[PDB]
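To begin, one chain is listed below as structure tokens, in the form deposited in one PDB entry.
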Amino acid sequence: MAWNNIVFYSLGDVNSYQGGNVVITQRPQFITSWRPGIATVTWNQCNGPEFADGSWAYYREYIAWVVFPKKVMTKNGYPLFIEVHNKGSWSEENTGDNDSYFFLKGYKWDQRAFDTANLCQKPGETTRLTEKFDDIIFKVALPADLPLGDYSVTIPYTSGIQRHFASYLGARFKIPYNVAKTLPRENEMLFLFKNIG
């Protein structure tokens, strides 16, 4: 019987961007950099073997994801609008979604392999991801009615790699956008600024 195992390895690190003194007519800008490191399984869908013992062939399809909010609320209830300025080589998909950007990079497909492998790691299991992907540059638009004062806004987002192992050549699977949208947002960028006059 044909099988497909798909596992999402999630990266999770914290960083900050200090925007300094800002006026509502200006657009602060920050860069989201892909940070190789320890990833945690946060989702899977499997109906195949859990381990490949090196004696039989399977096929690999890997797709990196970044799911980033289009709007983030301040603690006092004002929207900050996140706008993509430079997506690099990323594929920007499902553009009609009102709440989140979906950036994908499918970099391996239809690759036959016999290497021993953990084909269906469980949520909570970890592994090192050494792959590097392109930066994404964002700009922020502040609402003109934003009250003056100090702002600290946590911008949570998801980044990670979907690994799909299959028993057959030509296998394709993309995590549904409605599932990707709700994957845990384990990365955080803390955006600090002061709205002045």
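One-based numbering along the sequence shown. We call the rigid core the largest set of C-alpha positions that still match within 1.5 Å between the two forms.
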Comparing 44-52 with 60-68, where is the mean C-alpha B-factor higher? 44-52
Identify the stretch, either 33-41 or 160-168, whose C-alpha atoms have the larger mean B-factor according to the entry. 33-41
C-alpha B-factor winner, where the candidates are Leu119, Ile82, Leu104, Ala113: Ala113
Report the third (lowest, middle or highest) to which the CA temperature factor of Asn86 belongs, ranking only the modelled residues of the same chain. middle
Looking at the entry's B-factor column for C-alpha atoms only, identify whether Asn178 ranks in the lowest, middle or highest third of its chain. middle
Which third of the chain does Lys132 land in by C-alpha B-factor: lowest, middle or highest? lowest
Taking the values exactly as deposited, rank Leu192 by C-alpha B-factor within its chain and report the matching third: lowest, middle or highest. middle
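Although not depicted, the form deposited in another entry is the subject of the following passage.
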Where among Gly170, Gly37, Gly54, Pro147 does the Cα move by 2 Å or more between this form and the one not shown after the core is superposed? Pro147
Quick check on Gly19: with the core superposed, does its CA move 2 angstroms or more between this form and the one not shown? yes
